[PDB]
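See structure below.
Numbered from 1 within each chain, the chains take letters A, B, ... in sequence-line order.
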Amino acid sequence: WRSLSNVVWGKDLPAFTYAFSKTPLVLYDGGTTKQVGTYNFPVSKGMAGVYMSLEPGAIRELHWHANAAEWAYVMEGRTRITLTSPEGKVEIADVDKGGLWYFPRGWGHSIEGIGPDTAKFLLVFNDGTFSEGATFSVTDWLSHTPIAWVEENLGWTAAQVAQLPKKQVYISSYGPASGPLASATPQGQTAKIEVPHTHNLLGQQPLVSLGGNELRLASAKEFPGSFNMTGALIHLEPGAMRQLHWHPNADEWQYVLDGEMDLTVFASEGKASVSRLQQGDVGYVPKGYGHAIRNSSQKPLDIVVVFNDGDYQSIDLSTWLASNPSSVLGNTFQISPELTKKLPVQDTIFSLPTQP
Amino acid sequence: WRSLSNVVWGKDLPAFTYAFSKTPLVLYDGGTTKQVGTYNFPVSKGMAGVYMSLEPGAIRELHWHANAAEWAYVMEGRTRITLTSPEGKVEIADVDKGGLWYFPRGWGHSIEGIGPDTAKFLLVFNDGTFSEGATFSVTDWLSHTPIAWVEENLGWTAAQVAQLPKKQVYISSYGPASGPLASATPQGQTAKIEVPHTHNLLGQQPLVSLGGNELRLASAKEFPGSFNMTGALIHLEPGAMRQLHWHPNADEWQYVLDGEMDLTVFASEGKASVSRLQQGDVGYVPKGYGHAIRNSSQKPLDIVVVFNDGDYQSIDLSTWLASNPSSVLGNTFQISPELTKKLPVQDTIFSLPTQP
Amino acid sequence: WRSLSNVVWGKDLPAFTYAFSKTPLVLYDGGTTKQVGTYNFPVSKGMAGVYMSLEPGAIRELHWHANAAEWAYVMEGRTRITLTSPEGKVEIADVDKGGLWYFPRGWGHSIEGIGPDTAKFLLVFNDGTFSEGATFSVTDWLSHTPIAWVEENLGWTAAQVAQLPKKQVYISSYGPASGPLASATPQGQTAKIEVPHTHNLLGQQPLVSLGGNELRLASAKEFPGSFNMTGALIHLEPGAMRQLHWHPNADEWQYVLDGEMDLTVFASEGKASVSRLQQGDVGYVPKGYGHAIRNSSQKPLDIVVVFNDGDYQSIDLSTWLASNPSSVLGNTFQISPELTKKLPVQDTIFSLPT
Ligand code: NI
Ligand code: NI
Ligand code: NI
Ligand code: NI
Ligand code: NI
Ligand code: NI
């Protein structure tokens, strides 16, 4: 990738991509997981990412984490979530392929794979240090509380408390697998959360469409329950680009759903990087850094990108240059008036291949 | 206190209690004080606590501290406060036993003991590094300003300025003791603060009551002047329990007003603690940590707890488990369907010992 | 300067002033600049300051910086700015002597000197680590992107892209100089920003005026586009002072426009400083520290001060003492009832030489 400056790509910069596709899975009874955050991907301060799979009837047990909100995208299969708020209200809902959930920091929750095959999903947390090994587990909790107090709290005998787990379960396939949603009723009378905390992203109409390239955007305008986090699906045809831009207000976390992705990141001070991501790899663009995404392959590319702000803000280079008068542009770029007039006058968000 | 995990209580964790009852008082002319913060209680990052007493006519001099808001609970006696805002408005008020004040960050204030008894009160600051040795004193200020500028600022002669203190006074019993509230008028025409910054907590009816156990809560709903701090009084009868819960949004600072308190703290990653607090000792539960409080004694227990958020948010274990369906609970806890149905179906906030 | 305590001025404290007047300029083709922030002025954590000049037709190139909002005061001459928001709207405006601009964090912008004279202005950033060497330059950007992707994004050939700069331009005099404002139209159809992000500070009537001493204040009340920063102009006559006060909510950054300024700063724990600032020097008062400013010279003093909050909050000593009853004051200061009654009963903001 030649540049006008002949910059040494990546020099004096952290990695902006991580080979998450090669990270080994941790295996549980009915599920798998792996994660990427500042502990293995130092640039990724604003968000951490978790891959999880759950077989039918496998549950990610009831837990909470007050250090991070949890935004999710279901890649394959079907899940059911439960979510309990400090007002004592509950949301119990199916989330299918292409759907989202958002669990506010510290609200209690569970996730179950409901089949018929493997559920596979991404979890993105708005704390880059988040680790799935550091969540607050209800089974860990009750096995790390004095037995006599658990007895009193539950109205249970010692012999009943002795039947509870002795350590953090994390993922269970003990069972039973949950049944139809209409029968998934709280054991005790519980009012229902009314603001939706699940959402259908893949089923949205594209916010932007150009020559088969598509952007589907779920910010707080589309999904207000996710009040401080935004997600988008980008589909790029062979040769096409998401145009050069930056985000004034948010970091950007990226996962390649399928295909092969090229990312370039401009970091100021004459420093920049370019790298290729395979399916299942991760990218991270710090707030304010200039960047673009290109499909340099002969096959389609699909990515999910996540922002740690509920308001999607992008300034495209094309918009920026179109907004300025000729004199400012010619003086800035030190170019002829003739060439100045050929700078962008409109922003199409994507760029179609121009190479004949 | 046996547990299902046989966890070594306190292993790999900071102390969550501090033997504040044994901290020596610092003695002033008509007052005493002592304090606990990150400097001696490392876990206590969000809040620091100060004990202070003032004899009749003793004043904690005019001072300010822009690094911390100041929330107070008067344990004994009567105080008079003054509070001056950047709007140039003043609040002059009596605060008696069971009452609160809240001084916003950086607003100027004073506190006087009003007789015939000694005033004793707790001050909780929303910065764990706060120290009473590091406040901005008006007598320190004027003795550390060029004399010629103090003369000009006050319209005073050298001989008048020479009568001012040469250093921080801190606490003074020079006099005069203040008279009745209705005669405590500003020396110059000063508009009055209209939003109350004092409040009666002890005189509230309980928010929650069960079997003699009581919770009185002053959040910003009850006391909007204290916009980002909340306090509560908890009364526990012998053998009774404040149920297992966590706070999604706030740290919890605790002081034992009377009795003996048992506290358990669950910190995730299979780590937990349990300890006993005597009267005048202090506890601290970091945001999100699971906790419960038990009176294991034969005498009543009374505590004050303070949160560094104005919205009280608690998720009780009972609420959480009641909100979930049987399958999720049986799978998580790996227990029989019979036992699953005996999990909580309602939240009574407190739990009671075995009854006749 | 004697004090009641005989405090050693400056003992155990950082510098609260910086000899910015002596900082050397960095020279560009058509402009100059220098800066002061935590890297050379350690106390200055909340704000950094930049001096910049632009010759007629010289431009500070299109750039952005998402780490800092940019507040400006034009000291001499005339500028033209452009400002582009994430809504895809643009503001193109003239800012002359005494005027302000505020560029929100990460919004794209440019600044051009409009002739016939040199434009000289101050930029204050709400991040004390801000450096003009660390901005995101559009010419740096396009020279540090794969050429094939620039071709695609612009619809240009390799030979067209090859005419672009090979590195960060920073300041350019290549031209052309811009024409009249009414002719400075976006190359492509662009909606206009409607909330003003420029403002006339020097032209305001004083918020406070006493004996020739004046304070002009542009907080978010006067200039709502500058939503989280405030600027003020203070004029002090010989012998006059801005009274003792503190700010509960903001740090204060100061620049001496002309004259000679005395600053005192009280830092608690029996520590305080007093320093004299020359024209072009800089002061910084941390949030909550007590302070006062005095003109101890025989000539006028004019300063600009900037706060990293959009709501100007000041508690003057006089207001505070006037708000309290006699008993509280006499007990605090350990003075006679007679002297207690002579403490302040009103706040005139400035104090006059006796
Ligand atoms: Ni979770
Ligand atoms: Ni982006
Ligand atoms: Ni105080
Ligand atoms: Ni609690
Ligand atoms: Ni700038
Ligand atoms: Ni000031």
Side-chain angles (χ1 to χ4, degrees), chain A residues 1 3-5 7 9-18 41 43-47 49 208 213 215 217 230-234 236 240-256 260-277 281-296 301 303-309 312-321 344 347-351, chain C residues 62-67 84 86 105-108 134-154:
Chain A
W1 290 126
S3 69
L4 294 173
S5 67
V7 57
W9 299 115
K11 184 162 123 101
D12 294 325
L13 290 177
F16 298 109
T17 65
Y18 190 79
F41 189 28
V43 74
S44 193
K45 302 174 163 63
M47 273 163 293
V208 173
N213 307 286
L215 164 76
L217 180 71
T230 292
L233 293 177
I234 293 171
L236 279 178
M241 263 171 84
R242 170 77 173 90
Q243 286 194 18
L244 290 156
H245 66 283
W246 74 92
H247 305 291
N249 69 336
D251 311 291
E252 179 175 327
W253 187 96
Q254 300 173 338
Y255 184 100
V256 178
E260 213 169 29
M261 167 187 167
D262 306 0
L263 173 70
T264 195
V265 177
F266 166 63
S268 85
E269 301 171 346
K271 304 172 189 152
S273 300
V274 63
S275 85
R276 191 159 280 166
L277 299 82
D281 290 343
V282 163
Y284 182 95
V285 182
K287 172 178 76 180
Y289 285 25
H291 56 293
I293 303 170
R294 193 177 182 251
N295 182 351
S296 308
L301 162 69
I303 73 187
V304 55
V305 301
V306 183
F307 305 89
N308 51 356
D309 194 288
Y312 178 78
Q313 298 182 6
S314 164
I315 298 171
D316 281 17
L317 173 77
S318 58
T319 296
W320 193 19
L321 302 191
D347 176 23
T348 61
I349 303 286
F350 299 108
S351 288
Chain C
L62 291 163
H63 71 273
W64 76 94
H65 27 73
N67 56 314
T84 307
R105 255 161 206 241
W107 294 20
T135 77
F136 285 71
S137 147
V138 77
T139 50
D140 203 16
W141 193 9
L142 297 190
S143 60
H144 289 69
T145 302
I147 283 156
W149 303 25
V150 179
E151 296 180 41
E152 184 169 355
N153 197 145
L154 300 184

Q) Which atoms form the tightest heavy-atom contact between A/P286 and A/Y284, and what is the distance? A) CD-O, 3.6 Å
Q: Taking C/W64 for its side chain and A/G288 for its backbone only, find out whether a donor-acceptor pair lies under 3.5 Å.
A: yes
Q. Does the pair A/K287/A/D251 count as a salt bridge with the N-to-O cut at 4.0 Å?
A. no
Q. Would A/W1 and A/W9 count as a ring pair (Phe, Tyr, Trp, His ring centres under 6.0 Å) if you check the C-alpha gap in whole Å, the side-chain angles of each, and the deciding distance to 0.1 Å?
A. CA-CA 9 Å; A/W1 290 126; A/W9 299 115; 8.6 Å; no
Q.
Which label fits A/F266 and C/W141: parallel for a plane angle under 30°, tilted from 30 to 60°, or perpendicular past 60°?
A. parallel
Q. Could you go step by step and tell me if A/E260 and A/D281 meet the side-chain contact (heavy atoms from CB on, under 4.5 Å) rule?
A. CA-CA 9 Å; A/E260 213 169 29; A/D281 290 343; over 6 Å; no
(Q) Give me the atom names and distance for the closest heavy-atom approach of A/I315 to C/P86. (A) CG1-CA, 3.7 Å
Q) For the atom pair CD1 (A/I234) and CE (A/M261), what is the distance rounded to the nearest 0.5 Å? A) 7.5 Å
Q: Search all heavy atoms of A/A272 against all heavy atoms of A/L13 and return the closest pair with its distance.
A: N-CD1, 3.5 Å
Q | Side-chain (A/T230) to main-chain (A/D309) donor-acceptor, under 3.5 angstrom | A | yes
Q) At their closest point, which heavy atom of A/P248 faces which heavy atom of C/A66, and how far apart are they? A) O-CB, 3.7 Å
**Q.** Exam field: side chain A/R276 to backbone A/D262, donor-acceptor pair closer than 3.5 Å
**A.** no
Q: Could you tell me whether a side-chain N or O of A/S5 sits under 3.5 Å from a main-chain N or O of C/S143, the two making a donor and an acceptor?
A: yes
**Q.** From A/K11 atom NZ to A/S273 atom OG, the distance as rounded to the nearest 0.5 Å
**A.** 12.0 Å
**Q.** Separation between CG of A/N295 and CG of A/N213, rounded to the nearest 0.5 Å
**A.** 8.5 Å
Q.
Measuring from atom NE2 of C/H144 to atom OG of A/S268, what distance do you get when rounded to the nearest 0.5 angstrom?
A. 10.0 Å
Q: Check the pair C/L154, A/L317 against side-chain contact (heavy atoms from CB on, under 4.5 Å), reporting the backbone distance first and the verdict last.
A: CA-CA 9 Å; C/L154 300 184; A/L317 173 77; 4.3 Å; yes
Q) Are the side chains of A/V208 and A/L217 in touch, meaning some heavy atoms are under 4.5 Å apart? A) no
Q: Could you tell me how the ring of C/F136 sits relative to the ring of A/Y289: parallel (under 30°), tilted (30 to 60°) or perpendicular (over 60°)?
A: tilted
Q: Can you see which heavy atom on A/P14 is nearest to which on A/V43, and at what distance?
A: CG-CG2, 3.9 Å
Q.
What's the separation between atom CG in C/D140 and atom CD in A/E269, rounded to the nearest 0.5 Å?
A. 9.0 Å
(Q) Run A/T348 and A/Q243 through side chain to side chain donor-acceptor pair (under 3.5 Å) and show every step you take. (A) CA-CA 8 Å; A/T348 61; A/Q243 286 194 18; 3.2 Å; yes
Q. So which heavy atom on C/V150 is nearest to which on C/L142, and how close?
A. CG2-O, 3.8 Å
Q | Test side-chain contact (heavy atoms from CB on, under 4.5 Å) applied to A/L4 and C/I147, step by step | A | CA-CA 7 Å; A/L4 294 173; C/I147 283 156; 4.0 Å; yes
Q) At what distance, to the nearest 0.5 angstrom, does CD of C/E152 lie from CZ of A/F350? A) 12.0 Å
Q) Heavy-atom distance under 4.5 Å between the side chains of A/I303 and A/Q254, does that happen here? A) no
Q | Close side-chain approach of A/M241 and A/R294, heavy atoms under 4.5 Å | A | yes
Q. Has the side chain of A/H291 got a donor or acceptor atom that lies under 3.5 Å from a matching backbone atom of A/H245?
A. yes
Q: Taking the side chain as every heavy atom from C-beta outward, state whether A/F41 and A/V282 have any atom pair closer than 4.5 Å.
A: yes
**Q.** Evaluation steps, side-chain contact (heavy atoms from CB on, under 4.5 Å), between A/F16 and A/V285
**A.** CA-CA 7 Å; A/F16 298 109; A/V285 182; 5.9 Å; no
